[PDB]
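J.: Handing you a structure now.
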Amino acid sequence: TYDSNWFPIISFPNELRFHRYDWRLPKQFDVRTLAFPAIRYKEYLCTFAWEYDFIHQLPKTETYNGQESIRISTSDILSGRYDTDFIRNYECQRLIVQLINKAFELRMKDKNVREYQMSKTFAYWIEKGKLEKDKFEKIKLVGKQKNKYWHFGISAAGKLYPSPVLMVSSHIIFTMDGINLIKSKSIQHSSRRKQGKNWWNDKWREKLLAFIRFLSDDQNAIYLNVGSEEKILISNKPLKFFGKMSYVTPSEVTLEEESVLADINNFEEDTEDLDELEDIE
Amino acid sequence: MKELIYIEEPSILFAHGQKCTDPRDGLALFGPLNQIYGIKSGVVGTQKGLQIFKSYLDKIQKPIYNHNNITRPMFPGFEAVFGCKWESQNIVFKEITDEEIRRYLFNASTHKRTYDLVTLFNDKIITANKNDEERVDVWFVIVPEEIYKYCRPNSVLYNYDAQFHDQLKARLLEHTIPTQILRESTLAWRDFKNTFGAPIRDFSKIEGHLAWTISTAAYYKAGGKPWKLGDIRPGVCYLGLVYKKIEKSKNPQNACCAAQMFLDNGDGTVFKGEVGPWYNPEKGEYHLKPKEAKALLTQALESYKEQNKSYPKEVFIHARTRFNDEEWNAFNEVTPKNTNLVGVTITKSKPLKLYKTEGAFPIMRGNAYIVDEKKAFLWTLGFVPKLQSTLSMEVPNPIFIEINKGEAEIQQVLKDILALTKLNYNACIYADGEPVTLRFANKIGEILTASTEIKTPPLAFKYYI
Amino acid sequence: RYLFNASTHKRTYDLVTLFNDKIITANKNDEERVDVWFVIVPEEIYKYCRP
DNA sequence: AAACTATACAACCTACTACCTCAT
RNA sequence: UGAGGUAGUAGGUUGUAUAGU
C-alpha cells in the first residue's frame with residue numbers, strides 16, 4: 001500500500017458568488033488586502049462569501065444589493081457543464097484554484113505560524129516553543145542538528161482536472177537559533193543537502209503526516225475559513241493507492257547503501273563547491 | 001481505490017542474441033554484440049596527466065570490485081569484459097606546455113582564457129590528426145584542478161560558452177573527431193586531497209563503477225555498439241525533440257530546436273536544427289513554424305528511408321512542453337496516409353510523492369499511474385529488484401507523459417518510453433529519471449548551439465558525449 | 001541515367017560527387033569506424049567515361 | 001472641419017516554462 | 001541527481017496616448 005501527497009476535496013461549496021461592485025471598488029485598492037480571497041474579474045468581484053462582510057474596510061459595500069450578485073453552481077464547474085459567455089470552464093477552474101490557494105494561505109496565517117519565502121511559492125514551519133515536548137503523533141517535526149535548527153515544511157498548490165485534489169510539496173527550513181532565518185539561501189540549500197542523508201522516505205512521510213495533522217483543527221479535515229459562513233474541508237487523509245506487484249523488504253543495510261549512493265552522487269559531480277567550504281571559515 | 005498498472009522491464013539485446021535487464025551484469029556475462037579489434041587512445045595533457053592516465057588504465061586492466069556489487073556490479077577488467085584490448089603501450093601523447101598555460105592564465109579575462117585554451121586544444125588535435133602517420137580513434141584530454149577551478153565564470157579572487165567541453169566538442173564537430181573529457185579529480189582521487197584530507201571525487205568504493213562508466217564510454221566512442229533494444233515494432237521512429245534555450249548575447253536567438261531519432265538501432269541519427277530567429281520569446285511557448293516542421297519531418301523520413309529502405313508506419317515525437325495544432329496540420333500534410341503521429345510531452349516538475357505506507361523501501365521504478373487514455377504518470381525512478389537498491393534519494397519523483405494530439409494506446413507509449421529510458425551511454429547505469437532521448441537532449445542542444453560556424457554536422461552520435 | 005549524357009566531363013563530375021557525398025554520408029552517420037574505404041569502381045565506368 | 005466615445009497596441013497582475021547552482 | 005533559487009512568461013487584468021464615424 002502507498003499513500004500519496006494529495007488531499008482531495010471533501011465537499012466543494014455550492015455557491016460561487018460574483019460581486020459586481022463596478023464603481024464601488026476603489027481602483028487603488030489592493031485586492032490582496034481583503035480577508036477573503038477575491039479577484040477583479042472585469043467589473044465583478046469573484047468571491048466565496050456574502051457581500052455584506054467587507055463593511056469593516058469598504059464603506060461603500062453597504063449600498064450594493066443582493067440580486068446583482070450572481071451565483072454559479074460549482075457542480076457544472078467541476079464537471080465542465082458550466083457554459084456561459086461570462087466565464088468559460090477552464091479559467092473558472094484557474095480562478096478557483098487561485099482562490100483556494102489564497103484562502104489556505106490566509107487561514108494558516110491566521111493560526112500564528114512562521115513563514116519563509118520561496119521563489120514562486122511559500123513554505124511554512126512551526127516555530128520553537130509552540131509545540132510542547134517536541135513531539136507530535138510520536139513523530140519528530142522540528143529539531144536540532146550540529147548547531148543549526150531545522151524546521152520541516154510544506155508547500156501547497158492545487159489542481160483539479162483529474163479530481164478536486166490539492167498537492168503538498170514537502171520542504172525543510174533552517175535557522176541558527178530558532179528565532180531568525182538564515183541570511184543566505186545557499187546556506188539553507190547546503191544544510192538541506194547535509195540533512196538529506198540524515199533521514200529517509202519513511203521519516204519524510206512521518207513528518208508530512210505530522211504537519212498535516214498539526215495544521216488541522218478537527219479530526220478528519222482542516223477548517224478553511226474562506227467565508228464568514230462557508231468553509232472548505234480538505235481531506236487531511238492522504239490519497240492512498242496500491243500496486244498488484246511489489247518487492248520483498250530487505251534489512252536496514254541497504255538504507256546505508258542508499259546513503260552510500262548519495263555519497264556516489266557526491267563523488268560523481270562537483271561544481272564550484274570549494275569556495276563555500278574553504279571561505280566559510 | 002485505483003490501481004497502479006506495472007510495466008515489465010524491457011530487456012536489452014546482448015551478445016549471442018541474448019538479453020538481460022542490467023547492462024553491467026549481462027555485459028560482464030555475454031559482452032558486446034559486435035566486437036572491435038581495439039582502439040588507440042590519444043591523451044593530450046602534461047607529464048603528470050600522462051602518468052596518472054597510464055596508472056589509471058593499468059589499474060582498470062586488473063579486475064576491481066565495488067563495496068557491494070548487487071548495486072554497483074563487478075569490473076572484471078577491460079579485456080575481460082569487452083574483448084578489445086587496451087594497454088599503456090602504443091598510446092599517442094601531445095605535449096601541453098606550462099608556458100602556454102601560464103601565458104594564457106596570467107590574463108585576467110576568464111572568457112578569453114577559455115577561448116585561448118579551446119583554440120590551443122583544437123589546433124593541437126588538428127595537427128595531430130592531419131599529419132601524423134599513426135591513427136587515433138579516441139582522445140582523452142586531461143584538465144587539472146587549477147584550470148577547472150580558475151575557469152569558473154563566477155570565481156572571484158562573447159560568442160562562446162564559458163564551460164570547456166561543450167565548445168571543445170562544438171568546434172571539433174566539423175573534423176569528425178571523437179574525444180572524451182576527463183577531469184583530473186575524476187581519475188586521481190587517490191592524491192586529490194582537500195583541506196580535511198578526503199578525496200573530493202570520492203570514487204574509492206566504486207572504482208569498479210568508475211571503470212564501468214569510462215570503459216562503456218570508450219567502447220561507445222570506439223565504434224562498437226555496446227547494446228541494442230529488445231523489442232521494436234517495424235515502422236516507428238522515436239523523434240525526441242529538443243528545445244534547449246540559446247543565449248548568444250543580444251542577437252535574436254529565439255528557438256534552436258533539435259532532435260534525436262530512433263528507428264531500428266540504439267544510436268540516434270541526430271540532425272541539426274536551424275539557428276532559427278523565429279517565434280519571439282514573448283511567444284516563447286516553443287512551437288514550430290510549418291516550414292521547419294516539414295523540413296524536420298522530411299529529414300526524419302529520408303533518414304528512415306536511407307537506413308531501413310522503407311517507409312515508417314508510425315512516428316513518435318517527444319518534447320517537454322505541449323504542442324499546438326497548426327504544427328500538426330503542417331505535419332500531416334506531408335505524411336503518407338498510412339502513418340500515425342504521436343506527440344508525447346514529458347514533465348518532471350509535477351509534485352507527486354507516493355510515500356510508502358509501511359516498509360523499508362519506497363515505490364519501485366516501473367509502477368505507472370493512468371489518469372486518462374491520453375495522459376498518464378510513469379515511474380522511471382526508484383527501486384528495482386535486480387539492483388536491490390533505489391536509484392533516487394529520499395523519495396523519487398515520476399515523469400508525467402501526455403499525448404498532446406494523435407490517437408494511440410497509452411500502454412504502447414508507456415512501454416516505448418520505458419524501453420527508451422534504458423540506453424544511457426555516457427553513464428553506465430541501469431536506468432535514469434528522464435528518457436535517453438531527453439537526457440541527451442541538453443547535451444546535443446548545448447553542443448549544436450555553442451558554435452555558429454557549424455552548418456551540416458556529422459549525424460553520428462559518437463562526437464557529442 | 002548518367003550514361004546517356006553528351007559530354008563525359010559532367011558525367012565524371014556527377015559520378016565523382018555522388019561517390020564523395022555517399023562516402024561523407026556513410027562515415028558521418030554510421031557508428032562503426034571505417035579506417036579505409038574501398039571504392040570498387042566498375043570496369044566499364046573506367047573504360048567508357050575516359051577523358 | 002470637428003462632436004462622443006470607442007480603438008491600438010501594449011505595460012503589467014497572479015502563476016507556468018526553462019538555465020544556472022550546491023551538495024550528499 | 002533531486003530539491004531550492006532567480007529571470008520572467010502561459011493568457012486574461014486595466015493604464016498609456018491615440019483616431020473610427
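Ordered as shown in the C-alpha cells, chains take letters A, B, and onward, while each chain numbers its residues from 1 and ligands are numbered from 1 in the order shown.
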What's the 12 Å shell around residue 20 of chain D, counting only C-alpha atoms (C1' of nucleotides), without same-chain residues fewer than 6 positions away, as JSON, numbers by chain?
T.: {"A": [271], "B": [153, 154, 162, 163], "E": [5, 6, 7]}
J.: Please identify the alpha helix (DSSP H) residues within segment 122-260 of chain A (assignment by DSSP from backbone atoms) and present them as number ranges by chain.
T.: A: 185-196, 201-215, 253-260
J.: Counting only C-alpha atoms (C1' of nucleotides), which of A:268, A:56, A:120, A:68 gets nearest to residue 16 of chain D?
T.: A:120
J.: Give me, as a ChimeraX atom specification, the contact residues of chain E against chain B at a cut-off of 8 Å, counting only C-alpha atoms (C1' of nucleotides).
T.: /E:1-2,9-10
J.: If you keep C-alpha atoms (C1' of nucleotides), can you produce a file of those selected residues as a PDB file, in the first residue's frame?
T.:
ATOM      1  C1'   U E   1      20.658  13.607  -9.355  1.00  0.00           C
ATOM      2  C1'   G E   2      16.844  15.949  -6.827  1.00  0.00           C
ATOM      3  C1'   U E   9       6.143  34.448 -19.354  1.00  0.00           C
ATOM      4  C1'   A E  10       1.460  30.543 -20.448  1.00  0.00           C
TER       5        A E  10
END
J.: Give me the residues near residue 15 of chain D as an MDAnalysis selection string, where near means some atom within 12 Å (using only C-alpha atoms (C1' of nucleotides)) and where sequence neighbours in that chain fewer than 6 positions away do not count.
T.: (chainID A and resid 94:95 97:98 101 119:121 157:158) or (chainID E and resid 8:11)
J.: What residues in chain A lie within 12 Å of chain E, counting only C-alpha atoms (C1' of nucleotides), written as number ranges by chain?
T.: A: 27-28, 39-44, 87, 90-92, 94-95, 117-123, 169-173, 184-193, 196, 261-270
J.: Compute the set of chain B residues within 9 Å of chain C, using only C-alpha atoms, and express it as a ChimeraX atom specification.
T.: /B:36,135,137,176,220-225,267,269-270,457-462
J.: Please, which residues of chain D lie no more than 7 Å from chain A when the count uses only C-alpha atoms (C1' of nucleotides), and can they be set out as a list in words?
T.: residues 22, 23 and 24 of chain D
J.: Since we have the selection now, will you write its residues out, keeping C-alpha atoms (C1' of nucleotides), as a compact mmCIF listing (two decimals), in the first residue's frame?
T.:
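Just written: selection_29.txt:
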# COMPACT_ATOMS: atom_id res chain seq x y z
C1' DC D 22 25.16 23.28 -4.12
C1' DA D 23 25.62 19.30 -2.19
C1' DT D 24 25.03 14.06 -0.38
J.: Could the residues of chain D within 9 Å of chain B, counting only C-alpha atoms (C1' of nucleotides), be given as a list in words, please?
T.: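 In the required form, that comes to residues 17, 18 and 19 of chain D.
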J.: For a quick test of understanding: name the residues of chain A lying within 6 Å of chain B when counting only C-alpha atoms, and present them as a list in words.
T.: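 Filtering chain A at 6 Å from chain B with only C-alpha atoms gives residues 1, 2, 3, 4, 5, 200, 201, 241, 242, 243 and 267 of chain A.
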J.: Create the file for the chosen residues now, containing N, CA, C and O atoms and written as a PDB file, in the first residue's frame.
T.:
ATOM      1  N   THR A   1       0.840  -1.187   0.000  1.00  0.00           N
ATOM      2  CA  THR A   1       0.000   0.000   0.000  1.00  0.00           C
ATOM      3  C   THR A   1       0.878   1.240   0.000  1.00  0.00           C
ATOM      4  O   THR A   1       1.878   1.297   0.720  1.00  0.00           O
ATOM      5  N   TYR A   2       0.506   2.224  -0.812  1.00  0.00           N
ATOM      6  CA  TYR A   2       1.181   3.511  -0.850  1.00  0.00           C
ATOM      7  C   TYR A   2       0.171   4.622  -0.620  1.00  0.00           C
ATOM      8  O   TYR A   2      -0.966   4.547  -1.093  1.00  0.00           O
ATOM      9  N   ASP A   3       0.590   5.653   0.106  1.00  0.00           N
ATOM     10  CA  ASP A   3      -0.212   6.851   0.303  1.00  0.00           C
ATOM     11  C   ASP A   3       0.494   8.022  -0.358  1.00  0.00           C
ATOM     12  O   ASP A   3       1.699   8.213  -0.172  1.00  0.00           O
ATOM     13  N   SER A   4      -0.255   8.796  -1.134  1.00  0.00           N
ATOM     14  CA  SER A   4       0.314   9.884  -1.914  1.00  0.00           C
ATOM     15  C   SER A   4       0.422  11.141  -1.058  1.00  0.00           C
ATOM     16  O   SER A   4       0.223  11.119   0.159  1.00  0.00           O
ATOM     17  N   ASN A   5       0.749  12.258  -1.698  1.00  0.00           N
ATOM     18  CA  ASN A   5       0.771  13.562  -1.057  1.00  0.00           C
ATOM     19  C   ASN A   5      -0.439  14.405  -1.427  1.00  0.00           C
ATOM     20  O   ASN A   5      -0.473  15.597  -1.112  1.00  0.00           O
ATOM     21  N   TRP A 200      15.255   9.543   5.832  1.00  0.00           N
ATOM     22  CA  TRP A 200      14.862   8.879   4.602  1.00  0.00           C
ATOM     23  C   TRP A 200      13.336   8.899   4.518  1.00  0.00           C
ATOM     24  O   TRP A 200      12.654   9.315   5.458  1.00  0.00           O
ATOM     25  N   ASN A 201      12.815   8.464   3.366  1.00  0.00           N
ATOM     26  CA  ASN A 201      11.415   8.469   2.942  1.00  0.00           C
ATOM     27  C   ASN A 201      10.379   8.207   4.027  1.00  0.00           C
ATOM     28  O   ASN A 201       9.346   8.883   4.066  1.00  0.00           O
ATOM     29  N   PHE A 241      -3.177   4.545  -2.710  1.00  0.00           N
ATOM     30  CA  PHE A 241      -3.326   3.585  -3.791  1.00  0.00           C
ATOM     31  C   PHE A 241      -2.589   2.307  -3.419  1.00  0.00           C
ATOM     32  O   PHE A 241      -2.038   2.175  -2.324  1.00  0.00           O
ATOM     33  N   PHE A 242      -2.580   1.351  -4.345  1.00  0.00           N
ATOM     34  CA  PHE A 242      -1.863   0.106  -4.130  1.00  0.00           C
ATOM     35  C   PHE A 242      -1.403  -0.446  -5.468  1.00  0.00           C
ATOM     36  O   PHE A 242      -1.950  -0.117  -6.522  1.00  0.00           O
ATOM     37  N   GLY A 243      -0.388  -1.299  -5.407  1.00  0.00           N
ATOM     38  CA  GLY A 243       0.112  -1.986  -6.579  1.00  0.00           C
ATOM     39  C   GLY A 243      -0.082  -3.481  -6.429  1.00  0.00           C
ATOM     40  O   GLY A 243       0.008  -4.026  -5.329  1.00  0.00           O
ATOM     41  N   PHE A 267      30.342  12.046  -5.190  1.00  0.00           N
ATOM     42  CA  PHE A 267      31.623  11.870  -5.862  1.00  0.00           C
ATOM     43  C   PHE A 267      31.533  12.161  -7.353  1.00  0.00           C
ATOM     44  O   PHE A 267      32.471  12.713  -7.935  1.00  0.00           O
TER      45      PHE A 267
END
J.: Between atom CA of residue 48 of chain B and atom CA of residue 88 of chain B, what distance in Å does the model show, to one decimal?
T.: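 Value for the atom CA of residue 48 of chain B-atom CA of residue 88 of chain B distance: 14.7 Å.
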J.: Which neighbours of residue 116 of chain B fall inside 10 Å, counting only C-alpha atoms (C1' of nucleotides), when residues of the same chain fewer than 6 positions from it are skipped, and could you give them as a PyMOL selection string?
T.: chain B and resi 100-101+104-105+110+122
J.: To one decimal in Å, tell me the separation between atom CA of residue 447 of chain B and atom CA of residue 170 of chain B.
T.: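 For atom CA of residue 447 of chain B relative to atom CA of residue 170 of chain B, the distance reads 5.1 Å.
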J.: Could you give me, as a ChimeraX atom specification, each residue of segment 109-173 of chain B that DSSP assigns to strand (DSSP E) when run on this structure's backbone?
T.: /B:138-143
J.: Could you write out the selected residues, including N, CA, C and O atoms, as an mmCIF file, in the first residue's frame?
T.:
data_model
loop_
_atom_site.group_PDB
_atom_site.id
_atom_site.type_symbol
_atom_site.label_atom_id
_atom_site.label_comp_id
_atom_site.auth_asym_id
_atom_site.auth_seq_id
_atom_site.Cartn_x
_atom_site.Cartn_y
_atom_site.Cartn_z
ATOM 1 N N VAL B 138 40.127 7.662 -30.387
ATOM 2 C CA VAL B 138 39.526 8.298 -29.221
ATOM 3 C C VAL B 138 40.577 9.154 -28.532
ATOM 4 O O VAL B 138 41.713 8.714 -28.334
ATOM 5 N N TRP B 139 40.194 10.368 -28.155
ATOM 6 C CA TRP B 139 41.089 11.298 -27.486
ATOM 7 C C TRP B 139 40.623 11.526 -26.056
ATOM 8 O O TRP B 139 39.422 11.632 -25.794
ATOM 9 N N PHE B 140 41.581 11.605 -25.135
ATOM 10 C CA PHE B 140 41.300 11.752 -23.709
ATOM 11 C C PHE B 140 42.143 12.898 -23.166
ATOM 12 O O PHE B 140 43.256 12.686 -22.683
ATOM 13 N N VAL B 141 41.612 14.106 -23.238
ATOM 14 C CA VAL B 141 42.301 15.260 -22.682
ATOM 15 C C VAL B 141 42.131 15.265 -21.171
ATOM 16 O O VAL B 141 41.198 14.668 -20.623
ATOM 17 N N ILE B 142 43.064 15.915 -20.482
ATOM 18 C CA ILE B 142 43.065 15.986 -19.027
ATOM 19 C C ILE B 142 43.116 17.447 -18.616
ATOM 20 O O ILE B 142 43.967 18.203 -19.096
ATOM 21 N N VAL B 143 42.212 17.843 -17.732
ATOM 22 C CA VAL B 143 42.168 19.192 -17.182
ATOM 23 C C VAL B 143 42.550 19.108 -15.709
ATOM 24 O O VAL B 143 41.907 18.370 -14.953
#
J.: I'd like the interatomic distance between atom CA of residue 61 of chain B and atom CA of residue 27 of chain B, to a tenth of an Å.
T.: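 About the pair atom CA of residue 61 of chain B and atom CA of residue 27 of chain B: they are 16.5 Å apart.
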J.: Find the residues near residue 19 of chain C: any atom within 12 Å, counting only C-alpha atoms (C1' of nucleotides), skip ones fewer than 5 places away on the same chain, and give them as a ChimeraX atom specification.
T.: /C:12-14,24-26,37-41
